[PDB]
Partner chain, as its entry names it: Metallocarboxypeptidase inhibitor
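Starting off, we have a lone chain in the form solved without its partner chain, written out as structure tokens.
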């Protein structure tokens, strides 16, 4: 509340609390972190990214997004913990220090603010954005099906009332298009990570086509290693593989888009648990979840800095 050291990380927060947290963090570490507004949501809420940097101009960067699906509260909660962690570990953790000294990290805690607000205000289990239209009384698009990657292919719904509705056209949702333009304009992203929940999976592309990516052996080995690191803390077991072989066909996904943009290290994490609580994971699981995912992510960043 008054300081990031006083913020309660072991609990779930509303949108305004998370946005206040960002300003506080910026205030305390003006030299490391900045807040950028890359757009406004459908209902007009600002869309913010925190930039963590030790300088340089256009350094190679790491993108991380959380909360694209609003009801996955463990993701926004993990995001706020990561933001604090970066500031704590810079200069104490040799590894993470080496990463920040040469690369920038861009963190989008609440990718879908309108749906997050709605999860607190009206329906805890809403997952889509809140865009509306004409030929339907139904609202919203599944933002992870709106990217320009096999857009409209099998693995998405064409019905507006579906929970997996892909939208009118690729990039129709402003929350997605804001990310697209920002990443394209930067052009120096080397890693793209999207965090969702639940199922305990670490996936790589693709989900829209059975075709194998050419970087399959390396991605798989990085995935393996990351999973091994994650499990190391609490023994949480993840499986890993390409989206389509692992889950099922799904089109218009984030990481398929990023990888096709030339961003090699593109992975999606599906956090705890495996179904016992599902979207409604207990607040007592926030910290342990965050701590173990951090080891997973750090592992991918380390490989990135190195390759």
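Residue numbers count along the first chain shown, from 1.
In at least a third of the other compared PDB entries of this protein that cover both flanking sides, residue 134 is left without coordinates. Across the two stretches, 152-160 and 219-227, the PDB entry reports the greater mean Cα temperature factor for 152-160.
Remark: stretch with higher mean C-alpha B factor among 135-143 and 166-174 is 135-143. In this structure the maximum Cα B-factor among 203, 74, 183, 103 is found at 103. Highest CA B-factor among 61, 250, 49, 263, as stated in the entry: 250.
Per the PDB record, residue ranking by Cα B-factor puts residue 10 in the middle third of the chain. Looking at the C-alpha B-factors along this chain, the one for residue 293 belongs to the middle third.
Residue 192: CA B factor in the lowest third of modelled residues in this chain (values from the PDB entry). Ranked within its chain, residue 214 lands in the highest third, by CA B factor from the PDB record. Residue 300: CA B factor in the lowest third of modelled residues in this chain (values from the PDB entry).
Another form, the form deposited with its partner chain bound, is not on view; read the next lines as being about it.
When its partner chain is considered in the entry with it bound, only one residue from 204, 189, 106, 198 comes within 4.5 Å through any heavy atom, namely 198.
In summary, among the residues 33, 244, 61, 64, the only one with a non-hydrogen atom within 4.5 Å of its partner chain in the entry with it bound is 244.
In the entry with it bound, its partner chain sits within 4.5 Å of a heavy atom belonging to residue 164.
In the entry with it bound, at least one heavy atom of residue 249 sits within 4.5 Å of a heavy atom of its partner chain. In the entry with it bound, its partner chain sits beyond 4.5 Å of every heavy atom of residue 98. Contact annotation: residue 71 falls within 4.5 Å of its partner chain in the entry with it bound, judged by heavy atom distances.
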